[PDB]
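Given next, in C-alpha cells, is a single chain: the form deposited in one PDB entry.
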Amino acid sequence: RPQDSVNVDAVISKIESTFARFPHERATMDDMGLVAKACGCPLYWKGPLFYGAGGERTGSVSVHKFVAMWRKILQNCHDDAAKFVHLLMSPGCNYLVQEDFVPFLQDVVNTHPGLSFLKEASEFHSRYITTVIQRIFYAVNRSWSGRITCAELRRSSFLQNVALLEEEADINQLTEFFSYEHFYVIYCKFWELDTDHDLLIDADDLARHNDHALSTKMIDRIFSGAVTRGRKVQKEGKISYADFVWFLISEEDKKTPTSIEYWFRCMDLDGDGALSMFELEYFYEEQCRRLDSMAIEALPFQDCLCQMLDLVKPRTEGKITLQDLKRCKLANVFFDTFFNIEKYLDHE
C-alpha cells in the first residue's frame, strides 16, 4: 500500500473514516493511536491530540470536534514543530511552558513498553516526568525564557525522539530526553544529598556533591536566583530537585552552550550581560584562599588575568561576554580557573 495523500481534504477524509469505526463516532484515549495514524502523526502524539481536543474534559472526543481542530492546525502550522506547539500550548500563548508537557509525558509513562515497571510505581512518576522536562528545556529552550517556541523546538532533536519512542521498546536507548537510566542516576545523586528527605537541599548539602570542589561564593550563586527556573523572588536558601537537575547537568559538562550560560549567569553578579573585572576578582579572591589552604601559592589576579585574556581573547577590553566564552571553545578552563578546585579534598 502506497503512502497517504498529505493535502487537507484527503487527511480530513481519512480522519472521518477512522472515527466512523468508533461507537457514536467518539474517540476514547484507547482509540487515539489510530487517530494519530490517520493524522500522519507519530504514535506518541496520541496524548497531545486527545488533550488538544479537550478529551480530558468529557472523556471522549467527537469526530466533529476533532476534525474542526485539525483543520485549524493544518491552516496554522506548516511543520511538526508548529503542530506540536499548537497542540500543547495554553490558549493565549504561542509557546510551551514546563507544565504543558505533563499530560504528554504521563501518557508516555502509562503506555510505553519501556516504562511498564515504572507505571505500576506511581510514587516516582512525577519525579521521572520532572526530570525529562528539565532535560527538554535544558536542550531546547536556548533563550532561558522558560517558553519554548516553534523555532526553538524546530532546531532541536526533541520531535525526532518522540517519533522514535514507537520504534524503541527499550526506552534507555533514547539517551537525550526519555532515558529512565539517566533519570535514575540523576535522582540517586539528589537522594544522597537530601539526607532528611524533605526534597529540598541547602548550601551545605550542595557543597558535599563534588566534595567541595566548587567555591562557597559559587555555591551561594546557585541559591541566588541567577539560574533558578522556578521564578522565585526571595532567597530561600534551599533548592528543589528540579533545580538540582540543572546544576548537575551543568556541573558535569561545562562545555555545552546551556552550561556555559548557566555558569556565566552565576558569575554575572549584576546581571548586565558582561563579566566585569570586579566580578572576576570577586570569585578569584576565594580561589586564592582555597589554593593557599592546599599549600599552593596562587597567581596574583593580574597574572591570572593575562592567561585568561589570552585563553578567551575577548572582543572588548575590560569585560568578558557570554559570546567571548562560547567562541574561545575553552570556557570550562575559564570557569575551573575561577571557582573549581578538583582535588580540594586533599587539602591540609
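By rigid core we mean the largest C-alpha set that fits within 1.5 Å across both forms. In this text, residue numbers run from 1 along the sequence as written.
For the pair 304 to 312 and 275 to 283, the mean Cα B-factor is higher in 304 to 312. For the two regions 15 to 23 and 334 to 342, the entry's Cα B-factors average higher over 334 to 342. In the PDB entry, the Cα temperature factor peaks, among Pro91, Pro103, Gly114, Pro257, at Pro91. Looking at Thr175, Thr216, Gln75, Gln160, the one whose CA carries the top B-factor in the deposited record is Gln75.
When the modelled residues of the chain are ordered by their C-alpha B factor, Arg289 lands in the highest third. When the modelled residues of the chain are ordered by C-alpha B-factor, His209 sits in the highest third. Annotation for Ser122: CA B-factor lies in the highest third of the chain's modelled residues. Sorting the modelled residues of the chain by their CA temperature factor places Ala53 in the middle third. Ranked against the other modelled residues of its chain, the C-alpha B-factor of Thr195 as given in the entry falls in the highest third.
One more form of this protein should be noted, the form deposited in another entry, which is absent from this view; the next part is about it.
When the two forms are overlaid on the rigid core, CA displacement between this form and the one not shown of 2 Å or more is confined, within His78, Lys232, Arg155, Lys72, to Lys232. When two forms of a protein are overlaid on their rigid core, residues whose CA moves 2 Å or more are considered shifted, and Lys14 is not one of them between this form and the one not shown. With the core superposed, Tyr44 shows a C-alpha displacement below 2 Å between this form and the one not shown.
With the core held fixed between this form and the one not shown, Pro314 has its Cα displaced by at least 2 Å.
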